[PDB]
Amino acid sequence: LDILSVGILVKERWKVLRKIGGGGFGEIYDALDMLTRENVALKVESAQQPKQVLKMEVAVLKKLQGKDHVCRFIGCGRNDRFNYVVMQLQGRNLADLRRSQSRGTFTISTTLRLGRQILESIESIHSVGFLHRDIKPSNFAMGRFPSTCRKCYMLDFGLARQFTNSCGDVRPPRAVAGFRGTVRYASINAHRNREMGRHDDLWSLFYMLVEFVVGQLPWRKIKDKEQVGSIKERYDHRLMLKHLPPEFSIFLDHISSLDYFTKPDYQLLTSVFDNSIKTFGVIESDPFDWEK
């Protein structure tokens, strides 16, 4: 059951206007901020629920404030009935944009530019000590205004985990960690119930980029989590290089070499995007596929 409904006023300030996420998005709304006269996003969870994650989402949103590709933090609260967080409202998500492409694929030019922006947001969340752990196309959205619509934003920190300790060292991994995320984009390490690391967010990015260009992943029709994991464990991921620019062999070899204890060479991964964009003559001003 939903805890709020359209029309509710939160803290005598945010008027809930429209439900924009249910299911795996949780309970999230477009609300009217009466202070600034603008639409914002407002996400709520029951305060009597056993696993409550908004406290951590607020912490991550606050720790990311001032980074590119993150929604501006607007407010939060906690009462006896629910917890909530309020943040900048964005536009259409990438799963929606791809499915609305009718051939269900993006061009290389759109894929490279989105992938570089997503890689930036991933390095950013890691840089504040958190793993996202559910990197997937519906957790990235473009802005909704002329000044933001060419920018891609990272969404939903509900499955995040802090991977650094008080000091800032990598924290010792648990021996077993229950599967986190979405089956389709999860790395083999999530399937093996290992503690996830920075490279596992990058594996999910690699799968997203492949799906952007090809339109599907090899395990698209497989729903059982164990069957999918067995496929990924045996899969020759070099088959996925066929439709990507040549330097993605470097990207795949790099992430394949990483483990929980190895910091990714983000500069190398970035150069894969930069060099590819240059080889294909992609300019930032060029239209994205949905702008055609």
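One rule holds for the numbers: they count along the sequence shown, beginning at 1.
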Exercise for review: Compare the mean C-alpha B-factor of 225-233 with that of 26-34 as given in the PDB entry, and name the stretch with the higher value.
Suggested key: 225-233
Study note, to complete from the structure: With B-factors read from the PDB entry, the higher C-alpha mean of 140-148 and 94-102 is in 94-102
**Study point:** Maximum C-alpha temperature factor, selected from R116, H126, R180, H199
**Key:** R180
Exercise for review: Quick one: which of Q267, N39, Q49, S256 shows the highest Cα temperature factor in the PDB entry?
Suggested key: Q49
Check your understanding: Considering only modelled residues of the same chain, in which third does the CA B-factor of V213 rank: lowest, middle or highest?
Key -> middle
Exercise for review: Could you look up the Cα B-factor of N189 in the entry and say which third of the chain it sits in: lowest, middle or highest?
Suggested key: highest
**Study point:** Third of the chain, ranked by Cα B-factor, where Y153 sits
**Key:** lowest
Study note, to complete from the structure: Of the three thirds of the chain ranked by Cα temperature factor, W203 occupies the lowest
Point to revise | Chain-relative CA temperature factor third for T279 | key: highest
